[PDB]
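Read the single chain below, which is given as structure tokens and is the form deposited in one PDB entry.
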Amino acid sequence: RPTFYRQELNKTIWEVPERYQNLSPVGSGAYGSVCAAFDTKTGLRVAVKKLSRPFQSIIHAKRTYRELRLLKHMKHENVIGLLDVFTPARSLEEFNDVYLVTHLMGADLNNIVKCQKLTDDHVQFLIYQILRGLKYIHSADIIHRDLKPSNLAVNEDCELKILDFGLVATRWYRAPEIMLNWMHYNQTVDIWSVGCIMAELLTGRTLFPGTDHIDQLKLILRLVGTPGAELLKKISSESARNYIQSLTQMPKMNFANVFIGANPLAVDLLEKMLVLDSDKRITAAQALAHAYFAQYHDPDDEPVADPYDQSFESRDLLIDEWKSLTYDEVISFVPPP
């Protein structure tokens, strides 16, 4: 076992192996705190995440397991992966803290959209990278569900990775079918979010700044139109249909006019991503092949993920069982060497 050393950072205690030095808090992100650090073994700058109350309840214990499982699975340049996972506990009975370690990126897409206004060329490269990561995640039967600029980490190299998959005001990037509470949504939920993000990078403003679920829907429908007959036929919920069909009908706007000065390829991709009916929305793989990404696209360099066992998601287990499963996964971890 390595030697651990202990310190307090913003009320939080951190017990990490001596290999990680100069810890510096870089913010709380719900369910955990993050420090930047220097990894003496690799020479790399890393982010270390301490999970908050990983075993507080069955929900938390299952969530801790899920995140560790997801992170051990993801091995892709545009998806956050694991350099290390550790606990200061020397046995299962002593196990109550999980630390997760990844390459430090040091910014997010908000930190890039803000005050700086990106060229079409930067937009192509950033969105290419999101789609490249999404192709991979989607190939493992994983849906992000909460893609937004603050979940997209970007380094000084303009290299991007998706954070917080499978687990700043999130509702602005949410697919309309989720605002309506549909339980059978598909992976193109994430493509909607990409469309909202891409629009924001092109225009410098939030495409749909909703104040609540209902206001969000209204803003979406003014751009994309109220549902046509084919989509209306697909809504089971009487309450949902009463509401939608009770709104004043709106036509789909002309995207070429809304995004007036943008690359006409960017506009074309936007309208394929922001299709109301999720069954008609472009997939991540299809989007990568869109002419907008001509300068970046290579099918031989856009890998798919190994099979991911999500069967645990259906299981109703005790806290101690989720805890022991998580311990097993910490101990079996094999670093990228």
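The term rigid core refers to the most C-alpha atoms you can superpose between the two forms while keeping them within 1.5 Å. Residue positions are given as counts along the sequence shown, with the first one as 1.
Not on display, but discussed next: the form deposited in another entry.
Chemist: When the rigid core is used for the superposition, does residue 95 move between the shown form and the other one (threshold: C-alpha shift of 2 Å or more)?
Modeler: It does, since the residue 95 C-alpha is displaced 2 Å or more between the shown form and the other one after the core fit.
Chemist: With a threshold of 2 Å on the C-alpha, tell me if residue 289 counts as moved between the shown form and the other one once the core is superposed.
Modeler: Residue 289: C-alpha displaced by less than 2 Å between the shown form and the other one.
Chemist: Rigid core aligned, does the Cα position of residue 60 differ by 2 Å or more between the shown form and the other one?
Modeler: Shift at residue 60: 2 Å or more after core fit.
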